[PDB]
Amino acid sequence: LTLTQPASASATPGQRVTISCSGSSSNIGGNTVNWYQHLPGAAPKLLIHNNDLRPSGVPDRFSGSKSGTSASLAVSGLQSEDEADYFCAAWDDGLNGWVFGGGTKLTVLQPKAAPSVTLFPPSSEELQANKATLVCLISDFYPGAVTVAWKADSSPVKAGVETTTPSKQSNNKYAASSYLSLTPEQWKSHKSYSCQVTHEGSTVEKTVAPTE
Amino acid sequence: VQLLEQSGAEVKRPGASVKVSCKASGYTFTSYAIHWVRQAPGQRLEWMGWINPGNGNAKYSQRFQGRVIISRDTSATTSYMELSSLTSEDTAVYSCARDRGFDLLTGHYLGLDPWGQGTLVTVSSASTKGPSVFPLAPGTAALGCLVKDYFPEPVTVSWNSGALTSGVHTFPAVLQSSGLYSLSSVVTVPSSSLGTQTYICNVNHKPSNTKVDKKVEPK
Amino acid sequence: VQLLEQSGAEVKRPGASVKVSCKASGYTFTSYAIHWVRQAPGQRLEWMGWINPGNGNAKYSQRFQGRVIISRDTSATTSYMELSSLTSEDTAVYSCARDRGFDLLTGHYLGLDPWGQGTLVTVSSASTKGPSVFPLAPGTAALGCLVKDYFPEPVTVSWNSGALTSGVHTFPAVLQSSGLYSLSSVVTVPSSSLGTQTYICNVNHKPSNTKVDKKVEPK
Amino acid sequence: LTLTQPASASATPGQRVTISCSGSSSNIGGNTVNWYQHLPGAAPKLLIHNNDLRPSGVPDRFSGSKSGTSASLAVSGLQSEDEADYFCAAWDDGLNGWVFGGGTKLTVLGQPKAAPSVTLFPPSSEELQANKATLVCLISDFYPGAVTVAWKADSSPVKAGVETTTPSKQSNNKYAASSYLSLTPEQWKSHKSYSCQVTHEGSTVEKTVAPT
Amino acid sequence: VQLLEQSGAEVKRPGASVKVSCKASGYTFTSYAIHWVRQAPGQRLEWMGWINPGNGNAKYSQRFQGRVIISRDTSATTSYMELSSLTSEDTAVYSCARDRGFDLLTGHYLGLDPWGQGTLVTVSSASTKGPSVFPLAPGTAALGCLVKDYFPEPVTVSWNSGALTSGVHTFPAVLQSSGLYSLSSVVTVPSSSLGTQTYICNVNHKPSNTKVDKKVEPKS
Amino acid sequence: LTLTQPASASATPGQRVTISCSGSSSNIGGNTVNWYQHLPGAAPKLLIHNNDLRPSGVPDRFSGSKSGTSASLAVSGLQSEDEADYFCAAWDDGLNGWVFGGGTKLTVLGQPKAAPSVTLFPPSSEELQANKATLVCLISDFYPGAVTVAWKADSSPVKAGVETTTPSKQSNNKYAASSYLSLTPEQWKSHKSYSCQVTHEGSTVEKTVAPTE
Amino acid sequence: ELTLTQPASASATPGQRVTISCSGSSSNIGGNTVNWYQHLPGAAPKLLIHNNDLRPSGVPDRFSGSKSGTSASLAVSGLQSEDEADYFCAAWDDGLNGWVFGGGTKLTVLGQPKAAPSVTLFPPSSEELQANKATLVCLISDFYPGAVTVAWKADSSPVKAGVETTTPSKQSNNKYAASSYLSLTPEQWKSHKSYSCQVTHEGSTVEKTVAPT
Amino acid sequence: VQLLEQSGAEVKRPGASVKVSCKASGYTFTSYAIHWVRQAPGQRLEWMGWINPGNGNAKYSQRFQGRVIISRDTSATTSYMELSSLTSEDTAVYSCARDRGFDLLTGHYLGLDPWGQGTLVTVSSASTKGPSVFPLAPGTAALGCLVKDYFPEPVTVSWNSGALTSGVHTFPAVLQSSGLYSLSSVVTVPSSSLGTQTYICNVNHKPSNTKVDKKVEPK
Amino acid sequence: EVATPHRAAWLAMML
Amino acid sequence: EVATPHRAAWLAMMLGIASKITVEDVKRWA
Amino acid sequence: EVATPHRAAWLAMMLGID
Amino acid sequence: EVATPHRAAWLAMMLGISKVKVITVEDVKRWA
């Protein structure tokens with residue numbers, strides 16, 4: 001038995017967002033639920049303990065509610081500092097130990113920005129090393145969610161693809177990187193390769209070809 | 001103030017063992033239980049075990065019994081977690097947390113607080129390797145350096161020995177199937193200066209003591 | 001003075017053709033046959049063919065029939081040798097020689113005299129590539145750096161930014177089958193100083209604008 | 001049908017040295033042998049034509065002899081300037097063209113003979129992680145400066161993947177050379193041990209490394 | 001969490017004495033000294049004294065010797081500061097702070113942390129008095145209620161029993177020479193709705209148990 | 001011996017501001033300087049201890065420097081949360097106790113200048129009938145929070161009987177103030193009209209009320 | 001490792017103020033105290049500043065120390081001619097479990113206007129080449145305040161092995177002179193197209209080039 | 001007066017050991033720690049170790065563990081530092097300093113004071129050797145003599161037996177890695193006078209009883 | 001090995 | 001009351017000690 | 001060895017603690 | 001091709017010819 005919690009949640013600054021946490025008779029039904037703020041580069045911070053109690057340093061914005069096997073964390077008046085990961089925690093009698101929710105990544109919503117895509121063909125040095133890597137660089141998009149596809153003469157390519165998770169940028173936009181590893185024979189065997197970046201239902205494509 | 005300091009990151013081969021520490025300060029060490037949890041990348045936190053530092057008695061989760069040992073040193077006010085027979089599935093961030101326990105008068109549970117900063121333990125069969133650096137060439141123009149096939153993290157990248165900072169953007173690395181990391185760094189440069197000005201990226205990989213200076217130029 | 005001046009060095013890609021010239025002076029060009037031979041590095045000289053500068057008749061070895069053309073230009077007193085479908089096996093020093101022929105009075109053969117200075121023709125599909133540097137780990141301890149798979153020459157190697165010069169021996173590079181170069185540089189150091197002193201080789205490859213610093217330590 | 005000629009020869013200054021040139025009835029037995037001096041960075045110099053005739057300006061020290069399909073060059077009273085490559089040349093009827101000897105490196109001994117010191121390095125862990133393997137055999141401090149390198153894999157000679165440099169004159173007027181054995185990591189890990197054997201003046205110095 | 005909770009505000013007549021508490025939680029009470037400081041309005045903080053809860057020894061500034069007593073209760077983990085012979089100059093915010101002390105290994109001083117939220121002690125000869133409420137009348141129009149001559153703080157003001165909240169703005173009160181407080185609250189209303197709608201301000205002064213309901217209307 | 005510290009400091013968001021602290025041989029020269037952020041209506045927060053060290057929760061933006069009897073707190077990349085009061089603190093050997101600076105009120109200028117809205121209420125008939133009279137001058141929606149208030153009786157200045165509040169923050173992050181003029185009913189009826197004059201950033205706003213028929 | 005970084009040189013006219021920086025990390029300066037020393041030629045180090053700002057009795061008030069985090073600085077006000085010396089910072093490093101020292105700073109009190117260095121470069125002599133040796137002689141003279149850095153270029157590729165440079169010495173006209181020697185084999189000299197000696201002074205480089213001929 | 005008197009200069013061959021003394025006076029020897037540091041010419045100061053003159057406990061830097069011993073002699077109030085297995089890299093000025101420690105009342109650190117005058121320790125295998133003099137050939141002409149590979153110092157250079165003094169500039173010698181010294185002496189002369197007047201440098205090296213006269217002329 | 005409530009489990013560990 | 005430094009005052013408060021420089025002086029005094 | 005601050009190292013040396 | 005001796009091959013090349021069965025070839029042509 002584990003704690004079920006929505007994967008993601010988002011809202012504009014100043015609004016109220018609620019994060020659910022689902023349990024069973026053995027963890028939430030009989031025991032208390034505790035809420036934690038988990039910043040990307042910090043130790044988790046206790047927000048609510050004993051299902052509704054907040055520590056001294058927790059502002060009035062954070063509140064907790066409990067109903068049987070279900071619990072909820074309400075955040076009112078969102079601020080930029082509130083963009084973090086929130087997970088619920090409860091003791092489980094069957095495990096005789098703590099169980100945790102999957103966590104809900106909360107992003108406080110600037111306007112949408114289409115991604116900028118740059119595609120680099122393998123360098124002559126790498127080809128002379130009997131290796132080939134296509135480098136697809138995705139920058140300045142918002143919110144941080146991208147789908148990456150690779151095309152060889154318009155046919156899809158799945159193997160040899162490694163895509164990074166999105167990362168925060170200095171201008172508070174997001175960046176991603178996708179690499180397509182292949183042999184020099186594969187690189188020279190096709191007319192061109194393409195990187196297709198899908199963001200909010202809109203696609204941007206770049207194409208490179210062997211030089212001769 | 002009550003602080004839990006935790007040891008630095010670890011890289012271990014499969015089958016080896018790791019021992020992560022948790023130093024406590026700001027409170028009576030023997031009056032609060034210590035919890036050990038882990039979080040694999042893209043996974044929920046997994047409770048491992050917990051100990052009473054006053055008397056040293058420790059209990060463990062079922063999934064980890066026989067592989068984890070939680071101990072403590074009262075003189076150092078430190079709690080230790082040792083995980084044995086490491087595999088690739090044991091790569092995770094390991095954290096220790098103080099159990100504030102129950103208030104007797106109110107019956108309230110006071111939560112797990114505070115938390116250690118965590119320890120990233122990477123279990124990989126790969127061995128230390130310096131990177132290979134390849135130039136990346138295409139109003140304006142973009143030039144880059146491909147830092148490929150290195151292990152472990154991190155790599156620092158700078159341009160013209162730190163003189164060039166505007167337009168520099170270094171992406172986080174990817175972990176490919178070979179077990180090696182690869183990242184890219186690019187700079188946006190005016191098209192006119194392409195050919196006249198020179199752009200040299202400086203790569204530093206401390207774990208392998210590797211320093212690479214590679215100039216990037218249009219093909 | 002009977003002199004045969006020969007054209008300058010050539011660098012070409014496999015599958016191409018090269019035309020080497022041999023301009024004669026100090027004697028009658030049309031009255032002495034011209035021989036074209038070649039010598040690959042580390043191999044015996046290989047006769048290719050021979051022409052009559054007046055007649056223009058040219059004959060070739062069976063190893064080169066249909067691939068090489070030897071021609072004459074009496075006005076410029078120059079013999080030409082064009083070799084087609086070049087391969088890496090055709091990389092060699094190409095030489096022209098005058099055939100002094102037979103003295104009809106004595107029946108003596110006067111030898112091949114004089115010789116051209118030679119023309120180095122290099123055939124490779126390799127392009128500019130930065131080196132791959134690897135540490136080489138083992139009284140006196142022997143350790144160094146392997147500078148592998150770079151093109152073209154030269155590469156310069158120093159230790160501790162030139163501070164260490166005693167016991168340093170940098171070997172000449174090798175030409176592997178891939179067309180790339182590789183050399184090694186090893187330094188002889190005392191065993192006692194290994195614990196307290198570090199050794200970093202400074203690999204500098206100007207043609208690719210590559211600088212690599214690598215620390216080599218006992219395995 | 002080619003000309004066979006010893007790889008090297010050596011003697012102290014002021015001595016006499018003989019260089020052999022063996023052929024068959026098609027080249028030496030039926031025609032005349034010609035002898036050439038080949039200084040580094042210089043064109044071949046005609047020493048002997050018509051098997052014994054030397055041009056004016058060639059010292060009387062150089063003398064030619066012929067017997068059937070064999071011929072010889074004799075150098076009396078060696079001087080330091082005599083150190084060079086010497087090759088024989090003869091017309092071959094079957095080939096319908098010139099054939100040349102492999103040359104002989106004549107060294108005028110300026111130092112007592114020195115045995116080569118050999119250091120053998122296994123492939124680095126980084127290189128193995130790079131899916132490459134290289135064995136480095138470094139030879140130094142040998143004189144007159146001609147060695148032959150052989151690679152043994154479990155006492156079985158291996159020739160593929162072997163690249164050896166021609167010897168080069170080092171600072172102390174001795175000679176150095178290097179031999180590289182390129183392999184896949186699987187081949188390195190499979191075998192028990194590898195040996196580099198360097199032969200100099202009929203004496204072999206060997207070094208052995210293990211995959212560990 | 002490290003917390004210092006501190007008692008509520010006090011109003012005292014001149015010549016009386018006040019006893020402010022400071023409850024400590026989150027740390028060993030007897031292993032860190034407690035400091036007492038005060039800040040008068042428009043004045044810098046003035047250090048008063050300090051105590052070692054482990055052994056009970058207390059020391060005081062020269063300006064306060066003979067008037068201040070700092071004590072502690074180990075069982076309650078509470079420190080007390082009592083100030084005697086109060087005058088108008090003793091009206092101030094009184095604060096307690098934990099002295100984290102020196103780190104032996106580094107020799108570093110760790111600062112005063114944390115701090116109590118403070119206790120406002122007002123020393124005034126004035127006595128408790130309910131307010132007098134007067135209507136305030138002159139595109140849009142502004143109507144208000146004058147809450148005058150009350151003591152002490154605070155006064156809560158609401159409009160139409162909380163129904164009217166848009167356009168409501170209650171200024172902070174002033175302290176006039178009589179020793180009494182006075183504030184105003186106004187609401188911005190459309191001019192057309194003034195004739196039909198009625199606007200009643202609700203004033204509540206707990207210290208005197210006074211509740212006044214006064215409607216504001218244009219003057220005739 | 002006390003700690004001298006500038007009364008006020010201000011800058012736009014994202015800039016760097018430095019707050020000085022001046023002491024003597026007995027307090028700063030021999031002992032360490034500690035810096036505190038005092039938020040409006042909150043307990044002081046430790047920012048710098050031992051002259052340059054920051055607690056766990058204090059960001060890298062706050063930094064401290066010390067040179068003899070002088071010290072300084074540097075705040076880089078100002079944010080709206082940085083608008084507070086900052087004071088230095090040090091032990092004094094002569095006092096055998098702590099001494100504190102006067103405090104520097106740091107305001108981050110996060111909005112353009114806004115002229116105050118002024119409304120002036122004449123005394124109600126109820127108050128006059130109680131043998132009292134109070135003019136109520138209400139000042140709202142100005143920024144930054146600093147106003148000068150003057151009172152006029154038939155265009156002549158009035159100084160006595162004036163009580164002005166300190167500016168206070170409003171929900172829209174602007175400032176509000178109020179000034180009261182207490183007087184007798186005879187004084188109110190003796191003059192043709194009274195005026196409230198509010199000066200803000202060199203610009204004045206005036207309102208006038210008169211006795212009613 | 002963990003060392004202290006300090007500028008190579010500093011200079012100002014008499015009567016001015018000059019500052020010398022000392023940068024470290026949390027292991028040495030951020031966690032301990034910075035100490036400052038004056039090192040006259042032929043004299044033992046003199047303690048100027050201890051505990052980051054305290055100066056001993058007998059050290060003039062011109063010398064003042066400041067610290068901020070992992071950085072610290074030394075300030076000398078009203079320069080006198082006797083202030084010309086080497087100044088280095090010293091701090092305990094926790095990781096090294098011992099003292100670490102700055103590289104020092106040469107403080108020059110300008111008595112003459114700054115002079116660019118004149119450079120003369122000689123190729124190896126024919127006699128030396130016949131001796132199986134090659135030496136490039138780079139002679140630097142008539143520069144002030146008297147601190148240079150020499151770089152050797154071989155076909156625009158820097159070369160460091162075989163380079164020996166002397167510390168500058170005060171010559172007759174109170175300017176400074178120095179010399180740098182590049183030792184080589186005759187084969188290395190004959191292979192390259194040309195060699196350059198580059199002398200950097202006050203951020204400006206003077207180079208001379210010679211050819212094998 | 002608080003004084004630290006330090007022993008005289010030392011010259012030793014590589015592989016030997018040197019023992020430097022530091023005699024204290026004017027204060028209580030047993031109540032203040034003693035530090036040993038060194039400074040190589042043109043290099044940063046290097047901390048070596050430190051001892052308690054009463055306890056006798058001594059601790060050393062990791063760069064010097066097992067090679068240096070610091071000792072005390074309370075009767076003579078002298079601290080001793082012996083460094084073994086000397087190399088040319090150990091050539092430096094060795095200094096002792098008194099550690100004033102911490103004031104327990106104020107918590108202040110009182111600094112390292114006073115300092116010893118220093119001890120110059122020279123380590124080289126070089127012996128007496130006469131110089132090798134080479135001419136330095138190029139409206140003013142620059143020519144001179146290269147005085148190379150001599151030991152020890154000093155060497156005296158004059159031009160035309162001292163007749164020519166204007167335009168003569170003799171640079172200080174350098175100490176190369178071989179342990180030998182080398183300097184240069186350049187004279188600025190008119191271009192017109194080159195044809196009719198000759199310039200001979202007078203190299204005099206008294207330690208080897210060597211006098212060398214060399215004429216330098218344009219190549 | 002037996003299902004124990006959070007309060008019961010905490011008391012048993014801390015005695 | 002005499003003037004005492006901050007470290008001395010804190011030590012006198014927490015330890016429980018004004019009457020009183022080197023390491024050996026502490027040993028002799030104690 | 002483990003890193004120890006300057007005051008800690010001085011006290012250990014001048015009082016006999018490890 | 002058919003194997004030919006060195007003198008025969010030289011004569012064939014320098015006289016423009018297997019039909020072969022101080023002074024150069026151009027000189028003897030003038031003489032004859």
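Within each chain the numbering goes from 1 in written sequence order, not necessarily matching the entry, and residues lacking coordinates are not shown. Whichever chain is written first is A, and whichever ligand is written first is 1; the rest continue in order. In computing side-chain properties, one takes all heavy atoms of the structure into account and sets aside hydrogens as well as water. Residues with missing side-chain atoms are left out of burial classes, side-chain pairs and their counts.

**Topic: the overall build of chain B**
Counting secondary structure elements, chain B contains zero helices and 19 strands. Taken against the 2.2 N^0.38 rule, which gives 17 Å for 219 residues, the C-alpha radius of gyration of chain B at 23 Å runs more than 25% over that of a compact globule. For chain B, the spread of C-alpha atoms along the three principal axes comes to 75 × 40 × 30 Å. The helix and strand labels rest on DSSP assignments: H or I over at least four residues marks a helix, E over at least two residues marks a strand, and numbering proceeds from the N terminus. We take the radius of gyration over the C-alpha atoms and set the globule estimate at 2.2 Å times the residue count to the 0.38 power.

**A short note on the sheet that holds strand β7 (residues 68-73) of chain E**
Residue and element names in this part refer to chain E. Spatial strand order, β1-β3-β8-β7: four strands in an open sheet with antiparallel pairing. Of all the strands in the sheet, just β1 (3-6) and β7 have a single pairing partner and so form its edges. For this sheet the average axis-to-axis angle between neighbouring strands, irrespective of direction, equals 20°. Strands qualify as paired when DSSP identifies two bridges or more between them. Sheet topology places β1 next to strand β3 (residues 18-25); four bridges connect them, and they run antiparallel. In the strand pairing of β3, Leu4 is matched with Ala24. Structural elements are reduced to axes, namely lines fitted to C-alpha atoms, with helices fitted over the stretch in contact, and the angle between N-to-C directions of any two is expressed from 0 to 180 degrees.

**Overview of the interface of chain C and chain D**
Between two residues, a contact is recorded if the distance between any of their heavy atoms is within 4.5 Å. Listed by partner, the interface residues are 41 residues for chain C and 42 residues for chain D. At the level of secondary structure, the elements contributing two or more residues to the side of chain C that touches chain D comprise β4 (33-39), β5 (45-51), β10 (112-115), β12 (132-136), β13 (140-150), β16 (174-175) and β17 (181-190) of chain C. For the side of chain C that touches chain D, a count of residues per class yields 24 nonpolar, twelve polar and five charged. In this count, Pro and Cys sit with the nonpolar residues alongside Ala, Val, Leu, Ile, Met, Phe, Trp and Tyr, while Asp, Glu, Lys and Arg are called charged and the others, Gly among them, polar.

**Side note on the pattern of salt bridges**
Note on definitions: salt bridges are taken to be side-chain nitrogens of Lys or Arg within 4 Å of carboxyl oxygens of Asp or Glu. Taken as a whole and judged by the stated rule, the model has 30 salt bridges over all chains. Of the charged contacts in the structure, one is a salt bridge between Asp82 of chain F and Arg61 of chain F, with a shortest N-O distance of 3.3 Å. Taken together, the residues span a long stretch of sequence, with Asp82 of chain F in the loop between β6 (70-75) and β7 (84-92) and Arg61 of chain F in the loop between β4 (45-48) and β5 (62-67) at a distance of 21 residues. Measuring nitrogen to oxygen at the nearest pair gives 3.0 Å for the salt bridge that ties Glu46 of chain H to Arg38 of chain H. Summary of the burial criterion: residues with accessible area below 20% of their type's maximum are buried, those above 50% are exposed, and those between are partly exposed, where the area comes from a 1.4 Å probe applied to protein chains only. Residue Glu46 of chain H is classed as partly exposed on the basis of its relative accessible area, which comes to 21%. Via salt bridges that share partners, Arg38, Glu46, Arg67 and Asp90 of chain C belong to a single interconnected network.

**What about the state of the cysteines?**
All names here are of chain G. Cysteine sulfur pairs qualify as disulfides if the two atoms are within 2.5 Å. Summed over the entire model, instances satisfying the criterion amount to 16 disulfides over all chains. Residue pairing for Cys22: its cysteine sulfur links by disulfide to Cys89, the two sulfurs lying 2.0 Å apart. Since a negative S-S torsion denotes a left-handed disulfide, the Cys22-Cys89 link at about 75° is right-handed. Remark: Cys89 occurs in strand β7 (residues 85-93) and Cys22 occurs in strand β2 (residues 18-23); sequence separation between them is 67 residues. We note that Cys22, like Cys89, is buried. Sequence-ordered numbering of the disulfide-bonded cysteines in chain B gives the connectivity 1-2, 3-4.

**Digging into the domain arrangement of chain B**
As used throughout, domain bounds are those supplied by an automatic or database domain assignment. According to the domain assignment, chain B contains domain 1 (3-123) and domain 2 (132-216). Each of domain 1 of chain B and domain 2 of chain B was reduced to a C-alpha centroid, and the two centroids are 38 Å apart.

**With respect to the interface of chain E and chain F**
With 40 residues of chain E at the contact, the number on the chain F side is 41 residues. In short, buried area is how much 1.4 Å probe accessible area vanishes from two parts on joining, totalled over both. When the buried area of chain E at its contact with chain F is split by residue, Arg44, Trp115 and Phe171 of chain E rank highest and sum to 19% of it. The tally of links from chain E across to chain F stands at one salt bridge. Polar contact is defined as a pair of N or O atoms within 3.5 Å, subject to the rule that within protein one atom must be able to donate a hydrogen and the other to accept it, and that residues adjacent in sequence are counted only when both atoms are side-chain atoms. Summed over the shared surface of chain E and chain F, the number is nine residue pairs in polar contact. The residue inventory of the side of chain E that touches chain F, partitioned by class, reads 23 nonpolar, twelve polar and five charged.

**Things to note about the sheet that holds strand β1 (residues 3-6) of chain B**
Residues and elements named next belong to chain B. Spatially, β1-β3-β8-β7 is the arrangement adopted by the four strands of the open sheet, whose pairing is antiparallel. Single-partner strands in this sheet number two, and they are β1 and β7 (68-73). Neighbour-to-neighbour, the strand axes of the sheet open up by a mean angle of 20°, direction not taken into account. Here six bridges tie β7 to strand β8 (residues 78-83), and the two strands are oriented antiparallel to one another. From the neighbouring strand, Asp73 faces β8, where its bridge partner is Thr78.

**Section: the environment of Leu47 of chain D**
All names here are of chain D. Along the polypeptide, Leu47 turns up in strand β4 (residues 45-48). Residue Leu47 is classed as buried on the basis of its relative accessible area, which comes to 0%. Separated by eleven residues in the primary sequence, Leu47 and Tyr36 have C-alpha atoms spaced 5.2 Å apart. Not counting the four nearest positions on each side in its chain, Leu47 is found in contact with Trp35, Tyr36, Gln37, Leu53, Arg54, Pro55, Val58, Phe62, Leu73 and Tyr86.

**Quick word on the packing of aromatic side chains**
Note on ring pairs: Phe, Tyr and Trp rings are taken, using the six-membered ring of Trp, and paired if centres are within 6.5 Å. Classes follow the plane angle, with under 30 degrees stacked, over 60 edge-to-face and the rest tilted. The full count for this structure, using the stated rule, is 67 aromatic pairs over all chains. Both rings, one in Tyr37 of chain G and one in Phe88 of chain G, keep their centres 5.3 Å apart while their planes meet at 15°; by these two values the pair is stacked. Of this pair, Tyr37 of chain G sits in strand β3 (residues 35-39) while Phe88 of chain G sits in strand β7, and the two are 51 residues apart along the sequence. Across this residue pair, the class does not change: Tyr37 of chain G and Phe88 of chain G are buried. The ring of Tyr80 of chain B carries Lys19 of chain B above its face, with NZ or CZ at 4.7 Å from the centroid. Here, over-ring charges are defined by two tests on the NZ atom of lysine or the CZ atom of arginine: distance to the ring centre within 6 Å, and angle to the ring normal within 35 degrees. Over the ring of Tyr27 of chain H we find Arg98 of chain H, and its NZ or CZ is 4.6 Å from the ring centre.

**Observations concerning the side chain of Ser61 of chain C**
In this fold, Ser61 of chain C is placed in the loop between β6 (58-60) and β7 (68-73). Judged by relative accessible area, which is 2%, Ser61 of chain C ranks as buried. Filtering out sequence-adjacent residues up to four positions away, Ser61 of chain C remains in contact with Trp47 and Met48 of chain C together with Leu95 of chain D.

**Some words on the pairing of strand β8 (residues 98-101) of chain G**
All names here are of chain G. Across four bridges, the pairing between β7 and β8 is antiparallel. Residue pairing across strands places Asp93 opposite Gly98, the latter belonging to β8. Hairpin remark: β7 followed by β8, antiparallel, with four residues in the connecting loop; positive phi at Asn97, about 55°.

**A few points about the nonpolar core**
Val147 and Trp159 of chain B together with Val147, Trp159 and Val203 of chain C are the most contacted members of the largest nonpolar core, which totals 52 residues. A total of six residues in this core trace back to one element, the largest contributor, which is β13 of chain C. The contact partners of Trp159 of chain C, leaving out residues within four places of it in the chain, are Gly144, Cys145, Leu164, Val168, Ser185, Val187, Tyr199, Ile200, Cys201, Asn202 and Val216 of chain C. Counting residues in hydrophobic clusters, the runner-up holds 31 residues, among them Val133, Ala141, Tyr150 and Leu180 of chain H. To qualify as a nonpolar core, a set must consist of buried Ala, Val, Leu, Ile, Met, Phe, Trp, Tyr and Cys residues joined through side-chain atoms within 4.5 Å.

**Things to note about the side chain of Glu127 of chain F**
Secondary-structure assignment places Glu127 of chain F in helix α1 (residues 125-129). One buried charge, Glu127 of chain F, has no salt-bridge partner; the nearest side chain with opposite charge is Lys148 of chain E, at 4.5 Å. At 3.4 Å, the side chain of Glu127 of chain F forms a polar contact with the backbone nitrogen of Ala133 of chain F. A polar contact is formed between the side chain of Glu127 of chain F and the side chain of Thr134 of chain F, at a distance of 2.8 Å. Those residues in contact with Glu127 of chain F that lie beyond four places of it in its chain are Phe134, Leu146 and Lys148 of chain E together with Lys132, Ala133 and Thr134 of chain F. Residues scored as positive are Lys and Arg, those scored as negative are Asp and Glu, and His as well as the terminal groups of each chain are ignored.

**A look at the environment of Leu104 of chain H**
Position of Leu104 of chain H relative to the elements: it lies in the loop between β9 (92-99) and β10 (112-115). If sequence neighbours within four positions are ignored, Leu104 of chain H has contacts with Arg7, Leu11 and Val26 of chain J together with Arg7 and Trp10 of chain K.

**Some remarks on unusual backbone geometry**
With an omega of 10°, the peptide bond running from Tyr143 of chain D to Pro144 of chain D counts as cis. Looking at the element boundaries, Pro144 of chain D is found in the loop between β11 (133-142) and β12 (148-153). In this structure, the amide linkage connecting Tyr144 of chain G to the following residue, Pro145 of chain G, adopts the cis form with an omega of 5°. Topologically, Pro145 of chain G is positioned in the loop between β11 (134-143) and β12 (149-154). Positive phi, close to 60°, is recorded for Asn131 of chain F, a residue that is not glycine.

**Describing the environment of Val189 of chain C**
Note on placement: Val189 of chain C falls in strand β17. Not counting residues up to four positions away in its chain, the partners in contact with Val189 of chain C are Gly139, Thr140, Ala141, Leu143, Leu194 and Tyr199 of chain C.

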